[PDB]
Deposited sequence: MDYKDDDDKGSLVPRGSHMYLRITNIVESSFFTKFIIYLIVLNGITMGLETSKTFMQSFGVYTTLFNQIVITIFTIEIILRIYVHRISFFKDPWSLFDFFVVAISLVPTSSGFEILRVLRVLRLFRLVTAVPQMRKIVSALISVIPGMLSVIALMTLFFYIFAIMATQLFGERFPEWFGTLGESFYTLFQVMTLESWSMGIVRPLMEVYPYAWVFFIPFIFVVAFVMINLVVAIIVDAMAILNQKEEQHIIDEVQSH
């Protein structure tokens, strides 16, 4: 335990955290420069080793963090993420992974408390949304099957495959070129195609708008519940 505590004061120190963040920022700046072919020609050698050095340091950090937090490390989503991102960066270049290495810049989120809280807040609406997500996904899936069967033969790029219909349906949901780009061309062969896509647009839009309304109103309901109980206690206690 003497050893354990020695490294624990380091890993827990303000300086340790600041250093890592410093590195994350430097490496973030570096990753953008590596975008310039000009810059690389001149200083690519400098940068590649700095990336190996940062990742070496980040690996020492994850290791030390694990000896400190023990099992609590892998029950922590933020630490898992730092693990998974640093580990990606450790797979040798010998291709998609080379690009995923830049995800280690999200470590600037996992290391900065203000950013953690933002992401925690945003994520917290999701668990209550899961069933609505399930229902929407079932909706897409049913309509994707139908679209593939109705239109996949004459419009294979957009509907010849369940995957392609899923993609197209998502495009229609975003309303991106849904009429000039998809439904009008479809209607030149299938004049009733509008009977398929208009209702689909109504549902997907109605559901999303009403999901937002429910989140706002149902939160106010809770807010009103919390303060209603506090007031009644003062009425009751006084």
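K.L.:
Got a list of the deposited-sequence ranges with no coordinates?
P.N.:
According to the record, the gaps fall at 1-16, 111-113.
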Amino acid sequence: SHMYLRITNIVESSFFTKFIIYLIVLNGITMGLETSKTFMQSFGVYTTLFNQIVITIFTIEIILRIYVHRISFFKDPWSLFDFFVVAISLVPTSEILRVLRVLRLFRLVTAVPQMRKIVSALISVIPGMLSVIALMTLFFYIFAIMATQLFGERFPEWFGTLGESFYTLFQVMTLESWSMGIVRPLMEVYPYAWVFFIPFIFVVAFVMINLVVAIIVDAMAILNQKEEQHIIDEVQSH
From here on, numbers count along this sequence of modelled residues.
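K.L.:
Which is higher on average in the deposited entry, the C-alpha temperature factors of 76-84 or of 143-151?
P.N.:
Stretch with the higher mean C-alpha B-factor: 76-84.
K.L.:
I need to verify one thing: averaged over C-alpha atoms only, is the B-factor higher for 109-117 or for 157-165?
P.N.:
Per the PDB entry, the higher value belongs to 109-117.
K.L.:
Given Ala193, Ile53, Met208, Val172, identify the residue with the highest C-alpha B factor in the PDB entry.
P.N.:
Checking the PDB record, the top C-alpha B-factor among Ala193, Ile53, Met208, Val172 is at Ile53.
K.L.:
By its CA B factor, does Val99 count among the lowest, middle or highest third of the modelled residues in the chain?
P.N.:
Ranked within chain, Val99 CA B lands in the middle tercile.
K.L.:
Using the temperature factors of the C-alpha atoms in this entry, rank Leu135 within its chain: lowest, middle or highest third.
P.N.:
Its C-alpha B-factor belongs to the lowest third of this chain's values.
K.L.:
Tell me, lowest, middle or highest third: where does the Cα B factor of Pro185 rank within its chain?
P.N.:
Its C-alpha B-factor belongs to the lowest third of this chain's values.
K.L.:
Sorting the chain's modelled residues by C-alpha B-factor, tell me whether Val11 ends up in the lowest, middle or highest third.
P.N.:
Tercile = highest for this residue's CA B-factor.
K.L.:
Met40: which third of its chain by C-alpha temperature factor?
P.N.:
For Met40, the deposited C-alpha B-factor lands in the highest third.
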